[PDB]
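> following this: a sequence and the matching experimental structure.
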Amino acid sequence: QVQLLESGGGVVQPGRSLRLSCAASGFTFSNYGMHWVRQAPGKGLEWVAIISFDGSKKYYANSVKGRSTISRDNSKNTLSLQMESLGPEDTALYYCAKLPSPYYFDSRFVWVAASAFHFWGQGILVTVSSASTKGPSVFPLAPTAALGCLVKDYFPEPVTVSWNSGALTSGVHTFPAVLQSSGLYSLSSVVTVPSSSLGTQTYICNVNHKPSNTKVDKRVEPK
Amino acid sequence: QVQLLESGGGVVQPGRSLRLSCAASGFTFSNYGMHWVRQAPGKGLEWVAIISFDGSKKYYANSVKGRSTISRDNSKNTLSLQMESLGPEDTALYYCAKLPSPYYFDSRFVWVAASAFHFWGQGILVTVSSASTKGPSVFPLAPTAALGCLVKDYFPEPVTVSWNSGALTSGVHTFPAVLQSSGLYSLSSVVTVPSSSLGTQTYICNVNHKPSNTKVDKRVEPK
Amino acid sequence: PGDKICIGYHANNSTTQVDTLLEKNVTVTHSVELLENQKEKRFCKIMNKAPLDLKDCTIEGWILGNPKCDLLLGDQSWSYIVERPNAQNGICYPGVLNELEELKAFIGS
Amino acid sequence: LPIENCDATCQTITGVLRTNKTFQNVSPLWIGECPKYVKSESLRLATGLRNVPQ
Amino acid sequence: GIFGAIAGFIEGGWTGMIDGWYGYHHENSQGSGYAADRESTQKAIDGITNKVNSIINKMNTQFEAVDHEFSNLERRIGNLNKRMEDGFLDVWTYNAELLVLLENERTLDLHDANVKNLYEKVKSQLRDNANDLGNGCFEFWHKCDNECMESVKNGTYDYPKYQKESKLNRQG
Amino acid sequence: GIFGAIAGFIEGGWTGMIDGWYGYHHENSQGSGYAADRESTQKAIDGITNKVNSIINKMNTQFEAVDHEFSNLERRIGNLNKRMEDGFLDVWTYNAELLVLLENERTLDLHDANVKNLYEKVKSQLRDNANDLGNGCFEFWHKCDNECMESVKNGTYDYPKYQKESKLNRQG
Amino acid sequence: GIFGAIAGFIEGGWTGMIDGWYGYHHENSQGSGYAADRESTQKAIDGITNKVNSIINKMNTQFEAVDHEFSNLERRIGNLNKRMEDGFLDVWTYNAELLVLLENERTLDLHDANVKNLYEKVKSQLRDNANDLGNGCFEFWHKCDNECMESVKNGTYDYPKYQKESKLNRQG
Amino acid sequence: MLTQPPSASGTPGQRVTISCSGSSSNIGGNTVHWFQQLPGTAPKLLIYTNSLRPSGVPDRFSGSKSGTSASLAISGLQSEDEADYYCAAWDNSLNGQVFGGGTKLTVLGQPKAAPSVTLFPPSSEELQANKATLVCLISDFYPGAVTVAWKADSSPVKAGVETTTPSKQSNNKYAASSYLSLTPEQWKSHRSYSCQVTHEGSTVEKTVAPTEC
Ligand SMILES: *[C@@H]1O[C@H](CO)[C@@H](O)[C@H](O)[C@H]1NC(C)=O
């Protein structure tokens, strides 16, 4: 992997205009053609946008042909995108990522390379509906046994539910977001435990509702 | 290197005709095209003559186009040259030597070879002017120090000024020939010496004016 | 007067040259060097594990416990050991350390 | 050679080879996944064609 | 050369074409410029990329060798170690160097072969509707539009559409 | 491809021809079918057979290596044995794999070169008595009998016998 | 063969031409004889010389190995020495032999490719001013002088000087 | 004839480069070759076929040929390269070989040591040789520039002076010798012969005055 970071992610309101971006580093970036791809929550991908090393070829998608506008600053090494006419039909994750494209999108000097940038930067979620940013509520569950924490009333699913701030993963399970009738999704996370470390090592589940930048944690203890 | 020898060198008088030659050995010679090149004393070279393995292509120079005539005896393995109309404008050294030439000058069987005869035989000096062969005069110079020998009144510069007949070269210097107003060139040769071998090891400078076949030597001793 | 079309190949200001059985020092458009000769002339970690150094001693005086090599001591861990050539604190009381080469080999592991 | 605070994955006898290349000419003795040591000076592969500009 | 395309009957390359490796250049009153060939250049790039990838993959196997300490009475084992390591070094160096040489040779040959193949494709598409020169350039007997130019670039040139036209325009 | 014959201007192979590697296919009112070329196919098979035989012959030299028992105080000799055997294994594996790759490359190239050579032979025998298409097929201007078909297969096609005939039949 | 020039559509070589590798042979009432091609032969000789020089250069690295005396209780070290030396011998022998085979293959291919390239150059210079035969020989439609012969040898043949002349002399 | 640059320079380990230009008659048509003439020695073959090193196997030397031009390169360039260099072509228009006549070079020699001067008049054999010749020598100094002044009783001569050896292939030791020949009717009657050597590396003049004693 190489250095990557994003900008603009979170929860944006519908009807407005979006302006996202991502910046990478680790080596030269001003000589490669970058990609923007989509991922519907759950199942489904669909390519979105292309950009050359200079910006000559625009070549937008079919679903958003001429609807968006990408741009890049090779002197600043950043890739941004501005788009209007937003609706809930585009509620999804999106990735800035180098994918194998025809040669002319890459520079004249980098047409051949041993490792052709198997990079695929991380994701940026956008969810548009009639809602806002709320506060997550974490409820632990107490009784070899198993204990867990439930996270209800938090809008997107951006949290990597952590235990003692990233301590145990050998026997943990993170469940998808659950909707029933409310506007915000519920979720569960579980982890097993032997019958000899119930009160000695304190176990705390740590969550993060990033659109609210929450760090509300909860220690799990029995009766 | 391989076996080589010359014939005809020395000091020839102007206006006459010259007939030089050179013979090599070490392996087969009757199947290679040979070269004759020039070297003006000091700075400058200029190619002179070519000869095939059989003698079909003559292909003389520009400055002496049709002026000379080369020949070779492949049954005797020798390469000779006869030329008339000689002047001081040709006073120089000359080399019989195999140089990389087009393929047709070499034989049909030796068009390809791992080492294509990097041979370049030695030189033959010819100097034409109003002079003759005289006797060289060697004067030593006596005082870590340094001592030397001067060689004046000898016509060409063919001598490799030797010390004890080829004994010391780690710290010796041989200077070029010097003309001022006379007809013959002067020359110097020097060598360093510590302060502990002045009288123990006798040091003698040995010269050779080859056109006179001189072997006049001189021991160097102080007051 | 008349129409025309040509079939050509890419050329540029490239001055990087390659070699070939037939022709050598031939300028190519794109060349990829496979050899690496430039190095950082220092000693770094391996798997983020700190190496070991003596800087005045040998391995002999280290594991024997020469009183002048007591900086290395107790419970230690490493990935590779560095021994300086001009060290002077080795075997103090004269003698022969049997199978010293095998000892160094077993310590390296 | 000295020890400096440095994070690498390939440690040779006379330095550090922090690279993605497949060969090297530094030394054969190393620890980690270092490139192969060879006596060559350059191992350039021609990926394009002959450069003949006008 | 071997196929005569590169540094042969096409003496010089085009410093202007930066859209690909092999391509055409057309200049008429309708317009002028170079234009690379997508399929041939992409195929050559794919071949070269796979060649380099396989060369680096089959060479990733590292031969580990460290010089253990050898005593005063271990001269023989030390000499054996030295000979083994030196032989392995010689073998690897020779293999890598000669592979590099041969691969560069056949790669340049493949490049000029691609150039000649493109030229011969253009030749076979224009049997008698165009004259040929000694510089890999074709002179259409009937003037082609830019649409015909692309139809030659993509290889969908239609012969019976211009047969009689070129047959008439060819004599004058 | 490299010579453009296989997967090039002759896109698809003939699943029907099982009489040889390279061959012709002719279809007229007198008869239809495929027919392999004996000499070219036999020469290609001879070349491939000699290639495989030499590859297996030069590789029959076996490198014998067994792991002797090494004691507690023989760590160095054990490491030397391990490094030697692993280096020999790496060398042999790399050599065999890269030889396989390069040999398959040049073998497929030789196959399509044989195809193109057969096509160009048929072309040179039919200078102007037949038109050419973009699929390696020749359209005789004058209709040839099956005896002419064989005379082209064997390469003994007679040009002055059909010169004026094709010259007359070619315009209409 | 592969390119069809050597032992192909030019069946036999010329025992008389000893002025070069590849060359022409012309015979008219003005004169007869063979004449080699300077540039192509010199280029082939340069390529072969560089090939042989590089082959010998990359192989000069000598693997030194002497058999030290091994005692009664040094059977294991002796077997290790034997296996190492035998493996190195097998590797070097296989490498050298297979390199020799492949290099001879591609060298003969390069030779016949040079022959075919010279023939195709002469073909491209004589588009319609000369007929072609099945033996690599060209029959000028208009009779060429020896100066035209050299102008074809050097490649400076002028087409518009003889266009109408050959066009008139070609029918009769 | 051919073209050839005057000189060349470079520090030890700086990859000195030398060019050789021609025309379509010699370089553009046929291959070029190179030659190296060590000081006063019969020279050797450097490079043939524009890139090949001969069985003398010199590795540090590199040759290139591009159309109308050719290039020679030396990496490292140790002290064993202080010599004349030469480029040659075939001149296909004419027949025989053509030469770019003359290119030498010099390496980066740090001149910390001033030249060592020695002034010793000759012996009675020179007095009997009908002419007197006094010499003043300098040695082991880097740059070719060195000034010598003769003074016969605080009075110079109307024109008679020195010679200089090539670069010592070992340690860049240039050396020079000044000769002063006068007749015995003008040699012994003077009371003080002197030679003053001045050089950039020297801070003051190096005066060596032998007296007729
Ligand atoms: C070939 O010769 C050139 C001289 O122009 C030199 O720069 C280069 O290092 C040499 N070697 C290679 C592999 O190009």
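Here it is on my side, so go on. Residues are numbered from 1 along each chain as shown, chains lettered A, B, ... in the order given.
> who's in contact with residue H:28?
Remark: with contacts taken as C-beta atoms under 8 Å, 6 or more residues apart in numbering or on different chains, residue H:28 is in contact with H:22, H:67-68. C-betas here are computed from N, CA, C, even on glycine.
> next one: residue C:28
By C-beta under 8 Å, 6+ apart, the residues touching residue C:28 are C:14, C:16-18, D:46-51, E:104, E:108.
> only the buried subset of the residues you listed, as a PyMOL command please.
Selecting in PyMOL just the buried members of those, where the criterion is 16 or more other C-beta atoms under 10 Å in any protein chain shown, is done with this command:
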select buried, (chain C and resi 14+17+18) or (chain D and resi 46+47+48+49+50+51) or (chain E and resi 104+108)
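> which strand in chain D has the most residues?
With DSSP state E applied, the strand covering the greatest number of residues in chain D is identified as strand D:3-7.
> distance from that one to the middle of the chain?
Centre-to-centre, strand D:3-7 and its host chain are 19 Å apart (C-alpha atoms, centre = their mean, to the nearest Å).
> check whether that strand comes near chain A.
No. Using C-beta under 8 Å from any C-beta of the partner chain, no contact is recorded between strand D:3-7 and chain A, whose separation bottoms out at 14.9 Å.
> okay, now the nearest residue to residue C:81 once chain neighbours are set aside: neighbour count?
Distances taken as C-beta to C-beta, 6 or more residues apart in numbering or on different chains put residue C:52 closest to residue C:81, at 4.4 Å, once the chain neighbours are dropped. Residue crowding around residue C:52 was assessed by other C-beta atoms under 10 Å in any protein chain shown; the count is 17.
> hmm, residue C:52 is touching residue C:71, no?
No. Using C-beta atoms under 8 Å, residue C:52 makes no contact with residue C:71, being 10.5 Å away.
> and the next helix or strand past the longest strand of chain D?
Scanning forward in sequence from strand D:3-7 by DSSP states H and E, the next helix or strand is strand D:10-12.
> so what strands line up beside that next one?
Each strand that strand D:10-12 pairs with, and the sense of that pairing, follows from DSSP bridges: strand D:15-16 (antiparallel), strand D:30-32 (antiparallel).
> what about residue A:173, helix or strand, and which?
Taking DSSP H and E as the criterion, the element that holds residue A:173 is strand A:172-174.
> which helices and strands does that strand pack with?
With contacts defined as 3 or more C-beta pairs under 8 Å, 6 or more residues apart in numbering or on different chains; DSSP states H and E, the packing partners of strand A:172-174 are strand A:185-193.
> what does the strand it packs on rub up against?
Residues lying outside strand A:185-193 but in contact with it, judged by C-beta under 8 Å, 6+ apart, are A:144-157, A:159, A:161, A:163, A:168, A:171-180, A:203, A:205.
> remind me, longest helix of chain C?
Among the elements of type helix in chain C, defined by DSSP state H, the one spanning the most residues is helix C:100-108.
> as CSV, the strands paired with strand D:10-12 with mean neighbour count would be great.
Rendered in CSV, the data for the strands paired with strand D:10-12 read as follows (neighbours: other C-beta atoms under 10 Å in any protein chain shown):
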stretch, mean neighbour count
strand D:15-16, 20
strand D:30-32, 20
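> closest one to residue A:99 among those strands?
Using C-beta to C-beta as the measure, strand D:30-32 is the one of the strands paired with strand D:10-12 that comes nearest residue A:99, at 31.1 Å.
> tell me how far residue A:153 lies from residue A:178.
With distances taken as C-beta to C-beta, to the nearest Å, residue A:153 is found 12 Å from residue A:178.
> could you do residue A:65 as well?
In this view, residue A:65 and residue A:178 are 36 Å apart by C-beta to C-beta.
> what's the answer for residue A:189, then?
Distance, residue A:189 to residue A:178, using C-beta to C-beta: 12 Å.
> cool, and residue A:93?
Residue A:93 is 18 Å from residue A:178, by C-beta to C-beta.
> which element is the residue of chain C found nearest chain B on?
The minimum distance from chain C to chain B, using C-beta to the nearest C-beta, falls at residue C:22 (13.1 Å). Assigned by DSSP H and E, residue C:22 falls within no helix or strand.
> pretty sure it is touching residue G:44, no?
No. With contact defined as C-beta under 8 Å, residue C:22 does not reach residue G:44; the gap is 9.2 Å.
> now do the SS call for the residue nearest the centre of chain E.
Nearest to the mean C-alpha position of chain E, counting by C-alpha atoms, centre = their mean, stands residue E:111 at 1.8 Å. The assignment at residue E:111 comes out as helix when based on DSSP: H, G, I helix; E, B strand; the rest coil.
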